[PDB]
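*Asks:* Please see the structure below; I have some questions.
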Amino acid sequence: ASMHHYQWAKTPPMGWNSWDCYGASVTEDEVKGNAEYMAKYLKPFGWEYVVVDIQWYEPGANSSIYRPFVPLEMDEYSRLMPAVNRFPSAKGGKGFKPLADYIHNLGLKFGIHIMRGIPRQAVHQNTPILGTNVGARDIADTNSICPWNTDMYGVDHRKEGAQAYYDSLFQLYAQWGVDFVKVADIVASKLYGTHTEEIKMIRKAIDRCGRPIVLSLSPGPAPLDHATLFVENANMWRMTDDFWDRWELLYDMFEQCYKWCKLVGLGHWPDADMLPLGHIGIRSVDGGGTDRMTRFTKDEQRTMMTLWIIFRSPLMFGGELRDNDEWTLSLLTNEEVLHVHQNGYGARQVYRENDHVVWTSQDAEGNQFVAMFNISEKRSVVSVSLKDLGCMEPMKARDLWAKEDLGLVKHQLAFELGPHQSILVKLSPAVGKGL
Amino acid sequence: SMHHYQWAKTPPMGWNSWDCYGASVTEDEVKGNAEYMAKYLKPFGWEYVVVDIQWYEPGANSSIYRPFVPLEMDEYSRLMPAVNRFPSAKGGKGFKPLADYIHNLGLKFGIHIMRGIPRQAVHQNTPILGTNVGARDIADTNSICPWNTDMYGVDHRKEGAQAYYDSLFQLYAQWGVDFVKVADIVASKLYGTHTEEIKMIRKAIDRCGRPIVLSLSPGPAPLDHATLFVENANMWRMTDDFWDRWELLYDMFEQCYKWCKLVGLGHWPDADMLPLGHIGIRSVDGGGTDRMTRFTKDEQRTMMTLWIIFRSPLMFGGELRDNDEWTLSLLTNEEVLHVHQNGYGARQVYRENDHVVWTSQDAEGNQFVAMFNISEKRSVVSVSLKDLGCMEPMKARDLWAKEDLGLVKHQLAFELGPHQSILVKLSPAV
Amino acid sequence: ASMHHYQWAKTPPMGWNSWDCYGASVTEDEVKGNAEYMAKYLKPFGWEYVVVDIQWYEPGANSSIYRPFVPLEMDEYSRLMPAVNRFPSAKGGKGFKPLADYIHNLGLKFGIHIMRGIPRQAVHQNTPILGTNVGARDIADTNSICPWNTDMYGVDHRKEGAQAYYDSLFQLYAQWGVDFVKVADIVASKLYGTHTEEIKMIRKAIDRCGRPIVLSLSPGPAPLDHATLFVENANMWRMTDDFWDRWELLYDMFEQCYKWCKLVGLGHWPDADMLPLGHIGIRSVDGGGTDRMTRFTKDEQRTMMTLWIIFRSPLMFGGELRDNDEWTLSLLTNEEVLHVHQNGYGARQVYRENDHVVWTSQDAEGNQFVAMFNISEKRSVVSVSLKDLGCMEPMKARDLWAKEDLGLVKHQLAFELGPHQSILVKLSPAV
Amino acid sequence: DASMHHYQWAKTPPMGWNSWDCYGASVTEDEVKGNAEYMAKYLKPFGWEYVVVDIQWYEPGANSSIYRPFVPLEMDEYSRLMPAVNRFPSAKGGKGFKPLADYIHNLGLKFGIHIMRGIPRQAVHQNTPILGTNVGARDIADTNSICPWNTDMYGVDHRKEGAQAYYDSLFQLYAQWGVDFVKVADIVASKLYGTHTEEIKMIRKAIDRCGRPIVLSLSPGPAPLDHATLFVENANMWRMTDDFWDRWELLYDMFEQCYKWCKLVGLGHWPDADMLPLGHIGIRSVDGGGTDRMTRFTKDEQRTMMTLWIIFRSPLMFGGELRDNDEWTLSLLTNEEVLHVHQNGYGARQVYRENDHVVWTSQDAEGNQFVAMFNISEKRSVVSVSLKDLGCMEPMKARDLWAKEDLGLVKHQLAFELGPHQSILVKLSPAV
Ligand SMILES: O[C@@H]1[C@@H](O)[C@@H](O)OC[C@@H]1O
Ligand SMILES: O[C@@H]1[C@@H](O)[C@@H](O)OC[C@@H]1O
Ligand SMILES: O[C@@H]1[C@@H](O)[C@@H](O)OC[C@@H]1O
Ligand SMILES: O[C@@H]1[C@@H](O)[C@@H](O)OC[C@@H]1O
């Protein structure tokens, strides 16, 4: 806790993100619909961020597939702005402030996605930059683009006015009341790898703007080689390329959790990415799917929530919330599970063998959480000894998702679990307590 | 197999404005180099007058590009000469008048292009001749050149892509272009070799109805694409940009070794331009500025000798009009040039202790031997006749010196200083 | 004609190799049976080399899977020798000379495989090298092994005794009467790439032994980066990792031939590898198979022979020859087809599109050969215009495998071809 | 991090002496004993306790840092390398290192050895037994795993029956001898195979099964961050870098490696900046581009290195021949005030790095703040840092720890003119 911005995400951010349901193309009405649902059914459980994902500045976006080289909505200072057809309250140069105001009044927080860099249409016209006389063209990198989106060019920190530009972006965002930015094309790039210098300029720009804004970075895989950079400069960073509702990616996440578990801490959260639950693909064609309810089975959905919960990943719901059924809503409203996310710490892989995995973490009151997973293709008993958990005596055991006491455990936990199925258990002391 | 081979039966010889003028050569500088060539060089085979990169960039002024600037372009997305630097191009005539002039001097004309389609055309979605699709419809979304900002790559799968490239070589053919040096096409730090654009270019050339020699740059060309190059291009750069630095000339020896088996009629691995004479007038590359080549006279000869015996294309990179007599002599020795024009089979006989020997032959029995001391120490460099495949004594002649040397019984051997070479002809003794 | 050793392989070497049929484990009697069949049925068609493949020095070899870290027969100069149990004529220190004599007396030539380097056991025991007084241990490389075979360590050309050792190997092989050597762990290596310095040492050693020994390098893929080295130093070098009777490997060879076609020439032959035809996998387990007749369909077997013929690959039969049926023998003995391999030149890919591929070559007699291939998964017409072939008027066309005149062709060649099916056509001037 | 019982074996970063930088592969028993005695006498009160015999104690002809390849090695009947009795006479009679370690334990010190990953090639070639089993060394060897810079072993294949039994047997031996520390080589970086993760785990388990506390050190680096979890959970120490030597370029480079590794430092699991080339080194080593010599590090460089290792909390393993130290060299090892930062400091972080100026800070439980300030440029210059940037909320007492000299009150910032390659180590405490 050396870095002031850690205090802005004491626990891992929880919220909703338009990407998995709406792709690049979410409207004001949809945002607000999801915000209202959150306010009323989710906010008591920690869910507070409402994040407008990529390309809110792209008036014609209608998918997860971007329309390349198209005109973007922009101000007179080379800054992108919301598309007024999609966000009508943005009329009159108001930007996202009205939307942000309405979200804040719900008791909720406001987020946006930005692309690293400065828009290409700005560099080519050479539009001005607020606060300086250099123009957009003079701060652009001559060899730095995003391989999967044509909207921007990279900015070169070595040029006069580079920081001025980033500063000016975060002044705008701060005026609008943004509480959370998800930066893209910054951690992993086929072409260039991690854009470290822009991460630094962005941390600087946030710090200078005077409003607390949580910094999320994307896409992954984040290299461990930049662990220290990430831990000191970002509140979240994506461990993985885009996550979707396919078992192979959920399977894969276990190793990434294992590789990143030691960097997890207050204010600096490796990110397992958004939860493809409920109603997705409405205007997204990504993940090899279209308009659907998540292809994860119920066991898969639990398995994911359980891992993300115990690991302390940010939780960003990715479905259209208003179409949650009760099952889906139950995944988000169980306070006993969420305690593991909010107050747990120390999470670690106890072991992984024959596609059985066990993680454990604890709280400050001496409860110990254990998450046990069968990530194989067959039904099998998964178990762990109390000794391997560091429990030197017998313990009471409770199934947190079912909310049901399991009684006393003297030597080990052991459960028959179908393929892709898990269980999350709380262990609490038996010795020196009532009956 | 390939008809375009007949367009470069011997390796191209010429002049190129890059090393002396960077991106910024004027119509006057070109005219004057061409006039010097017609007068002093044409009899020895020098014929291409190549206008290098960025003739379409009115502001160009160095070897360092001005990025993201507007460029001169027609109404079908095709770049055009900058009228300020090329006054004869006024009124949409492009390069036809300069080329005409050059043709009327008995010479050929070439230009440099960048792979792809101008970024400004894609941004503005300007038309493509012969189609209803626009520039933006044929562009690659993830293809740029890492060291220049002018273009986006073209995506051969899009409708209209080949039409675009066709339309460029229609324009070049209207102008009378005889030679095109394509850039950002062979090696790319980001993407490697742009294979599919090499094929569209080949095809656009073939369809335009005029013989246009195809040169590919920058290198290093990968040996992995040897077939593609041999079959599609007349010349291809073995190396990133060559300059007047010993280390780069030293390095070329291995590259020539590496490529020697793909050298052949119509298809020439290219050791790049000759940074001789007066260079860096408006170029700042190679770690130098306005200067005469930093190669010593020995180094110049060593270079000329390797490029000659290997059969690299020869593109003089200095401002010819500032040649002194030494420099002119390197270009006007017929005996040496015969080795380039009519030699074949060049091969490295050996390389050992930074002594190197190359050999080639003509069809009339003559054997050429180039002997090189690329070490830092004076020494005798020798080679046996037997290792050259000569089974009895021969006569030797020093081709640069034009002097007979006498009978060689067993070995050719000379004292050579560091960086110094000799080129010898052997033929039957009396 | 710059390298004298080019004249040892003026046309692409043709023969039989024990690997595909017997793995590491062939016996003398098996070699002899194959050589007898070759002498009787194949020799006049050009087939002449009888090549004993890897580990003739490993008495317990029994498959294509090597027995690691086991003892190896060796002489008193650190040189591997044949296992007398498998090669009984080698009894009493005679090595392969008696078996080489037998094969020479059938009118045939004799080949062996060797592993690059010097035996590990020789380095550990520090046994002697002939012609010098450093031991084996002093010439070994300290960081060079084969990732897939444990027999040897690499030899370090910077050490005194290194060339002496390679020289001694080729003295022995020449004493034996070896005419061909296939060297392994030398072209491609997952750990180290191409072993160029050993290639040079072996070239020199062959040149010094005073017998023509054709030099074959393996396994691939050969990098184009070393094309000059290969061209000047070897008579054949493998374009590919080990080839087997699997359609996918056959599909993949089309590209490799394209990539190497400009280096094919007299004495220096890019090698598409041994032909997995007939009865293979008797004591081999490679290629995903066991004891079998080739899993290539007849169409695939024709496709392979067609490509290898026109491209001018060496032709090394990998099956047990005595189990050839008539069909299989016919693949090896079509005079008209062999003409393209023996007397053609200039092979090139005319095009490759939607998995249809056309190759062409010619002889000096006026004849142009065109090999047309459907390498797609569906029946389709494959075609090419006389013009794309560089043919300026009507030509008589003949199917070479079928030996059947197809008549006059005025504009193009066009054939319905099954998936994986091919045709080989000669075009000649209209009567 | 607190999960693993072996963390308790290295609560502070191991401190000791290692034979590599002074004697290569070639140290004798008398040299080990001499350095041990020196340690017991002059250094043990400041935390120095490990006496580590480096590589190739089993190679009787060894004579340098350059290995003699493919040579027969001293080995028991169970495929386990044994001390060369010519170099370690007290090992005569199959006693191995027990006598030597007993000697060192009696000085109140701890004993360390170096091992190469794997099983000896000669064991595999002869197919010598694996203790406690009916399998042979040949049955457990990998057929494609070697060290690119040493020929002594083949890798062990964890999937083979007996593989774990072999490693268990090694650590039974080492425990019998009384070994307290093992430096394992050819395990973290390999130009040919990368990190040998499965052998790391076999070794962890063998140690856990042997019944004695044995500190696990891994080498050589660079250790990839990609395996940070593995190293943190399985080892007490792991090399950040390839072998470190008395050259400035290598010292300069370590600054970035510490920056990269600083979040994985913690009780029981210490990223290692490698042994300290101080004093008399290169006596039977030819590595580092040097020969027999006193270290080529200037005093400033020596301090700069001590200071970064101190504040970062790298283990400290002296690589010179201790009996030849001067008072200067000794003074680097005996300053309690500096060592408190290594022993009791935590949270070490780079405050910033700019124009070859670097500042690190850490703190202790008493709210002292330690700050190390480095000029790693080629120019003399003033290096500074604000107390705001140190997160010191108000004015502070300052003290130069190496000089042991109060600097008085500091209100706004620390600033010092430092030579090139020169550093200072300061402690800030609350005022009055
Ligand atoms: O979730 C994805 C993310 O990886 C980003 O970089 O680009 C678009 C979406 O926001
Ligand atoms: O000679 C250089 C060449 O390498 C090319 O690629 O770019 C511009 C110049 O023409
Ligand atoms: O044909 C294979 C070959 O590729 C070689 O490298 O080793 C074994 C067989 O001889
Ligand atoms: O210190 C070096 C170390 O890096 C090891 O890997 O090899 C021998 C020495 O102990």
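Identifiers in this document derive from the order of the structure tokens: chains are assigned A, B, ..., residues are numbered from 1 separately in each chain, and ligands are numbered from 1 in order of occurrence.
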Do a neighbour search on residue 382 of chain C at 12 Å with only C-alpha atoms, toss out local chain neighbours closer than 6 positions, and write the hits as a ChimeraX atom specification.

*Replies:* /C:351-358,370-376,412-423

*Asks:* May I have the selected residues written with N, CA and C atoms, as a PDB file, in the first residue's frame?

*Replies:*
```
ATOM      1  N   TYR C 351       1.285 -23.631 -61.672  1.00  0.00           N
ATOM      2  CA  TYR C 351       0.526 -22.922 -60.625  1.00  0.00           C
ATOM      3  C   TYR C 351       0.075 -23.878 -59.526  1.00  0.00           C
ATOM      4  N   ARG C 352      -0.485 -23.281 -58.492  1.00  0.00           N
ATOM      5  CA  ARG C 352      -1.164 -23.994 -57.414  1.00  0.00           C
ATOM      6  C   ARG C 352      -2.375 -23.129 -56.986  1.00  0.00           C
ATOM      7  N   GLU C 353      -3.595 -23.617 -57.174  1.00  0.00           N
ATOM      8  CA  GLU C 353      -4.767 -22.848 -56.869  1.00  0.00           C
ATOM      9  C   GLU C 353      -5.867 -23.759 -56.491  1.00  0.00           C
ATOM     10  N   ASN C 354      -6.603 -23.397 -55.430  1.00  0.00           N
ATOM     11  CA  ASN C 354      -7.683 -24.219 -54.878  1.00  0.00           C
ATOM     12  C   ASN C 354      -7.283 -25.678 -54.823  1.00  0.00           C
ATOM     13  N   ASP C 355      -6.066 -25.927 -54.339  1.00  0.00           N
ATOM     14  CA  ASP C 355      -5.551 -27.247 -54.190  1.00  0.00           C
ATOM     15  C   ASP C 355      -5.555 -28.049 -55.467  1.00  0.00           C
ATOM     16  N   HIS C 356      -5.371 -27.376 -56.586  1.00  0.00           N
ATOM     17  CA  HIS C 356      -5.015 -28.033 -57.866  1.00  0.00           C
ATOM     18  C   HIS C 356      -3.630 -27.532 -58.154  1.00  0.00           C
ATOM     19  N   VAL C 357      -2.753 -28.419 -58.586  1.00  0.00           N
ATOM     20  CA  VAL C 357      -1.369 -28.100 -58.840  1.00  0.00           C
ATOM     21  C   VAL C 357      -0.898 -28.728 -60.125  1.00  0.00           C
ATOM     22  N   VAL C 358      -0.169 -27.903 -60.856  1.00  0.00           N
ATOM     23  CA  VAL C 358       0.464 -28.294 -62.102  1.00  0.00           C
ATOM     24  C   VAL C 358       1.962 -28.008 -62.103  1.00  0.00           C
ATOM     25  N   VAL C 370       4.006 -32.658 -68.280  1.00  0.00           N
ATOM     26  CA  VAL C 370       3.125 -31.972 -67.393  1.00  0.00           C
ATOM     27  C   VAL C 370       2.414 -32.929 -66.402  1.00  0.00           C
ATOM     28  N   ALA C 371       2.624 -32.643 -65.145  1.00  0.00           N
ATOM     29  CA  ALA C 371       2.063 -33.427 -64.054  1.00  0.00           C
ATOM     30  C   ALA C 371       1.002 -32.568 -63.427  1.00  0.00           C
ATOM     31  N   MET C 372      -0.201 -33.108 -63.420  1.00  0.00           N
ATOM     32  CA  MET C 372      -1.384 -32.402 -62.960  1.00  0.00           C
ATOM     33  C   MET C 372      -1.996 -33.182 -61.769  1.00  0.00           C
ATOM     34  N   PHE C 373      -2.280 -32.449 -60.727  1.00  0.00           N
ATOM     35  CA  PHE C 373      -2.625 -33.012 -59.463  1.00  0.00           C
ATOM     36  C   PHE C 373      -3.853 -32.321 -58.883  1.00  0.00           C
ATOM     37  N   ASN C 374      -4.826 -33.110 -58.416  1.00  0.00           N
ATOM     38  CA  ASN C 374      -5.873 -32.670 -57.514  1.00  0.00           C
ATOM     39  C   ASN C 374      -5.471 -33.067 -56.100  1.00  0.00           C
ATOM     40  N   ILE C 375      -5.010 -32.095 -55.325  1.00  0.00           N
ATOM     41  CA  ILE C 375      -4.674 -32.378 -53.947  1.00  0.00           C
ATOM     42  C   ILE C 375      -5.771 -31.910 -52.972  1.00  0.00           C
ATOM     43  N   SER C 376      -6.982 -31.699 -53.506  1.00  0.00           N
ATOM     44  CA  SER C 376      -8.154 -31.315 -52.732  1.00  0.00           C
ATOM     45  C   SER C 376      -8.842 -32.548 -52.265  1.00  0.00           C
ATOM     46  N   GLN C 412      -5.714 -26.559 -74.482  1.00  0.00           N
ATOM     47  CA  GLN C 412      -5.424 -26.868 -73.085  1.00  0.00           C
ATOM     48  C   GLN C 412      -5.479 -28.341 -72.797  1.00  0.00           C
ATOM     49  N   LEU C 413      -4.969 -28.684 -71.622  1.00  0.00           N
ATOM     50  CA  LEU C 413      -5.090 -30.036 -71.090  1.00  0.00           C
ATOM     51  C   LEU C 413      -6.098 -29.997 -69.998  1.00  0.00           C
ATOM     52  N   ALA C 414      -7.041 -30.939 -69.984  1.00  0.00           N
ATOM     53  CA  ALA C 414      -8.085 -30.892 -68.972  1.00  0.00           C
ATOM     54  C   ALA C 414      -8.532 -32.249 -68.564  1.00  0.00           C
ATOM     55  N   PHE C 415      -8.430 -32.560 -67.277  1.00  0.00           N
ATOM     56  CA  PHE C 415      -8.792 -33.920 -66.878  1.00  0.00           C
ATOM     57  C   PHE C 415      -9.658 -33.931 -65.629  1.00  0.00           C
ATOM     58  N   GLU C 416     -10.643 -34.779 -65.605  1.00  0.00           N
ATOM     59  CA  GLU C 416     -11.370 -35.007 -64.409  1.00  0.00           C
ATOM     60  C   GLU C 416     -10.499 -35.801 -63.454  1.00  0.00           C
ATOM     61  N   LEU C 417     -10.213 -35.294 -62.270  1.00  0.00           N
ATOM     62  CA  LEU C 417      -9.384 -36.039 -61.379  1.00  0.00           C
ATOM     63  C   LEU C 417     -10.048 -36.227 -60.035  1.00  0.00           C
ATOM     64  N   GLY C 418     -10.078 -37.463 -59.548  1.00  0.00           N
ATOM     65  CA  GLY C 418     -10.455 -37.719 -58.158  1.00  0.00           C
ATOM     66  C   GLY C 418      -9.623 -36.967 -57.100  1.00  0.00           C
ATOM     67  N   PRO C 419     -10.127 -36.930 -55.870  1.00  0.00           N
ATOM     68  CA  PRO C 419      -9.364 -36.322 -54.816  1.00  0.00           C
ATOM     69  C   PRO C 419      -8.085 -37.098 -54.635  1.00  0.00           C
ATOM     70  N   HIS C 420      -6.945 -36.402 -54.513  1.00  0.00           N
ATOM     71  CA  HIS C 420      -5.609 -37.057 -54.362  1.00  0.00           C
ATOM     72  C   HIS C 420      -5.071 -37.735 -55.640  1.00  0.00           C
ATOM     73  N   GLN C 421      -5.818 -37.664 -56.737  1.00  0.00           N
ATOM     74  CA  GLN C 421      -5.461 -38.221 -57.997  1.00  0.00           C
ATOM     75  C   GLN C 421      -4.687 -37.250 -58.916  1.00  0.00           C
ATOM     76  N   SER C 422      -3.861 -37.822 -59.788  1.00  0.00           N
ATOM     77  CA  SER C 422      -2.960 -37.083 -60.634  1.00  0.00           C
ATOM     78  C   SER C 422      -2.898 -37.757 -62.003  1.00  0.00           C
ATOM     79  N   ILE C 423      -2.268 -37.051 -62.938  1.00  0.00           N
ATOM     80  CA  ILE C 423      -1.941 -37.584 -64.237  1.00  0.00           C
ATOM     81  C   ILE C 423      -0.597 -37.019 -64.682  1.00  0.00           C
TER      82      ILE C 423
END
```

*Asks:* Could you give me, as a VMD selection string, every polymer residue with an atom at most 9 Å away from an atom of ligand 1, counting only C-alpha atoms and all ligand atoms?

*Replies:* chain A and resid 17 to 20 23 to 24 53 to 55 64 113 to 115 148 to 149 182 to 188 217 to 220 238 240 to 243 273 to 274

*Asks:* Around ligand 3, which protein and nucleic acid residues have at least one atom no more than 10 Å from it, if we count only C-alpha atoms and all ligand atoms? List them as a ChimeraX atom specification.

*Replies:* /C:17-20,23-24,52-55,64-66,112-116,146,148-149,182-189,217-221,238,240-244,273-274,318

*Asks:* Can you check which parts of chain C lie within 6 Å of chain D? Per residue, the shortest pair of atoms and distance in Å to one decimal, counting only C-alpha atoms, sorted by chain and number, as a Markdown table.

*Replies:*
```
| residue | atom | partner | partner_atom | distance |
| --- | --- | --- | --- | --- |
| C:124 | CA | D:70 | CA | 5.8 |
| C:143 | CA | D:148 | CA | 5.2 |
| C:147 | CA | D:144 | CA | 5.3 |
```

*Asks:* Which residues are close to segment 413-418 of chain D, i.e. within 9 Å by only C-alpha atoms, leaving aside same-chain residues fewer than 2 positions away? Reply as a ChimeraX atom specification.

*Replies:* /D:373-375,379-388,398,410-411,420-424

*Asks:* Let me see the file: selected residues, N, CA and C atoms, as an mmCIF file, in the first residue's frame.

*Replies:*
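Below is the file part13.cif, written as the result:
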```cif
data_model
loop_
_atom_site.group_PDB
_atom_site.id
_atom_site.type_symbol
_atom_site.label_atom_id
_atom_site.label_comp_id
_atom_site.auth_asym_id
_atom_site.auth_seq_id
_atom_site.Cartn_x
_atom_site.Cartn_y
_atom_site.Cartn_z
ATOM 1 N N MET D 373 20.100 5.446 -2.369
ATOM 2 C CA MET D 373 20.056 6.382 -3.474
ATOM 3 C C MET D 373 21.297 6.143 -4.288
ATOM 4 N N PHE D 374 21.085 5.916 -5.570
ATOM 5 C CA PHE D 374 22.148 5.432 -6.431
ATOM 6 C C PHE D 374 22.337 6.345 -7.625
ATOM 7 N N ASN D 375 23.589 6.690 -7.879
ATOM 8 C CA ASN D 375 23.964 7.303 -9.138
ATOM 9 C C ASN D 375 24.604 6.220 -10.006
ATOM 10 N N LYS D 379 28.404 10.161 -14.813
ATOM 11 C CA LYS D 379 28.660 11.551 -14.407
ATOM 12 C C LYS D 379 28.383 11.763 -12.929
ATOM 13 N N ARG D 380 29.246 12.494 -12.240
ATOM 14 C CA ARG D 380 28.913 12.970 -10.901
ATOM 15 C C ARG D 380 27.655 13.819 -10.983
ATOM 16 N N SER D 381 26.821 13.744 -9.967
ATOM 17 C CA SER D 381 25.517 14.411 -9.962
ATOM 18 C C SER D 381 24.811 14.336 -8.609
ATOM 19 N N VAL D 382 23.841 15.208 -8.456
ATOM 20 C CA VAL D 382 23.054 15.234 -7.263
ATOM 21 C C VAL D 382 21.845 14.354 -7.481
ATOM 22 N N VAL D 383 21.580 13.516 -6.507
ATOM 23 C CA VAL D 383 20.463 12.634 -6.599
ATOM 24 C C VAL D 383 19.569 12.965 -5.439
ATOM 25 N N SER D 384 18.279 13.018 -5.711
ATOM 26 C CA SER D 384 17.366 13.471 -4.711
ATOM 27 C C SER D 384 16.053 12.765 -4.787
ATOM 28 N N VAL D 385 15.324 12.864 -3.699
ATOM 29 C CA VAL D 385 14.002 12.345 -3.647
ATOM 30 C C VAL D 385 13.230 13.143 -2.571
ATOM 31 N N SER D 386 11.978 13.470 -2.854
ATOM 32 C CA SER D 386 11.153 14.241 -1.920
ATOM 33 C C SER D 386 10.633 13.323 -0.846
ATOM 34 N N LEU D 387 10.368 13.818 0.360
ATOM 35 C CA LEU D 387 9.773 12.968 1.394
ATOM 36 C C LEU D 387 8.325 12.640 1.074
ATOM 37 N N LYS D 388 7.676 13.475 0.295
ATOM 38 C CA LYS D 388 6.342 13.142 -0.179
ATOM 39 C C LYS D 388 6.368 11.822 -0.936
ATOM 40 N N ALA D 398 17.615 12.099 9.863
ATOM 41 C CA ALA D 398 18.328 11.315 8.862
ATOM 42 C C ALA D 398 19.693 10.787 9.316
ATOM 43 N N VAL D 410 15.495 16.437 8.396
ATOM 44 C CA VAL D 410 15.140 16.636 7.001
ATOM 45 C C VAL D 410 13.636 16.931 6.926
ATOM 46 N N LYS D 411 13.287 18.048 6.260
ATOM 47 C CA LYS D 411 11.908 18.602 6.207
ATOM 48 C C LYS D 411 11.168 18.410 4.875
ATOM 49 N N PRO D 420 29.959 9.026 -9.983
ATOM 50 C CA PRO D 420 29.395 7.981 -10.819
ATOM 51 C C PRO D 420 29.618 6.641 -10.148
ATOM 52 N N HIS D 421 28.569 5.847 -10.071
ATOM 53 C CA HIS D 421 28.624 4.482 -9.524
ATOM 54 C C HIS D 421 28.497 4.484 -8.004
ATOM 55 N N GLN D 422 28.201 5.664 -7.467
ATOM 56 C CA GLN D 422 28.215 5.877 -6.048
ATOM 57 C C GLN D 422 26.774 5.961 -5.507
ATOM 58 N N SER D 423 26.643 5.502 -4.269
ATOM 59 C CA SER D 423 25.359 5.390 -3.632
ATOM 60 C C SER D 423 25.519 5.823 -2.210
ATOM 61 N N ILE D 424 24.366 5.989 -1.589
ATOM 62 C CA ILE D 424 24.312 6.208 -0.161
ATOM 63 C C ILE D 424 23.108 5.478 0.433
#
```

*Asks:* Residues within 6 Å of ligand 4 should be enumerated using only C-alpha atoms and all ligand atoms and returned as a count of residues only.

*Replies:* 7

*Asks:* Which residues sit within 9 Å of ligand 2, counting only C-alpha atoms and all ligand atoms, listed as a ChimeraX atom specification?

*Replies:* /B:16-19,22-23,52-54,63,112-114,147-148,181-187,216-219,237,239-242,272-273

*Asks:* Using DSSP on the backbone coordinates, identify all residues within segment 175-252 of chain D classified as helix (DSSP H, G or I); present the result as JSON, numbers by chain.

*Replies:* {"D": [175, 176, 177, 197, 198, 199, 200, 201, 202, 203, 204, 205, 206, 207, 208, 209, 210, 225, 226, 227, 228, 229, 230, 231, 232, 233, 234, 248, 249, 250, 251, 252]}

*Asks:* Starting from chain D, keep only residues with some atom at most 9 Å from an atom of chain A, counting only C-alpha atoms, and report them as an NGL selection string.

*Replies:* :D and (1-4 or 224-230 or 232 or 259-264 or 347 or 349 or 390-391)

*Asks:* Just write the chosen residues, C-alpha atoms, as a CSV table (one decimal), in the first residue's frame.

*Replies:*
```csv
chain,number,residue,atom,x,y,z
D,1,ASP,CA,3.5,-15.3,1.5
D,2,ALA,CA,3.0,-17.8,4.5
D,3,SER,CA,1.7,-21.2,3.1
D,4,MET,CA,4.8,-23.5,3.2
D,224,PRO,CA,11.8,-16.2,-15.7
D,225,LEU,CA,8.9,-14.3,-14.1
D,226,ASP,CA,6.6,-16.6,-15.8
D,227,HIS,CA,7.5,-19.2,-13.1
D,228,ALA,CA,7.3,-16.8,-10.1
D,229,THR,CA,4.7,-18.9,-8.4
D,230,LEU,CA,6.6,-22.1,-8.8
D,232,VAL,CA,8.1,-18.7,-4.6
D,259,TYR,CA,12.8,-4.0,-9.9
D,260,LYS,CA,11.3,-6.9,-11.8
D,261,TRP,CA,11.5,-9.3,-8.8
D,262,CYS,CA,10.7,-6.9,-5.9
D,263,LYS,CA,7.1,-8.1,-5.4
D,264,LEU,CA,8.1,-11.7,-4.9
D,347,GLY,CA,8.4,-3.6,1.3
D,349,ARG,CA,10.5,-0.8,-3.9
D,390,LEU,CA,8.8,8.4,0.2
D,391,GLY,CA,5.4,8.8,1.8
```

*Asks:* Near residue 118 of chain D, within 8 Å and counting only C-alpha atoms, which residues show up once chain neighbours fewer than 4 positions away are dropped, as number ranges by chain?

*Replies:* D: 153-156, 199
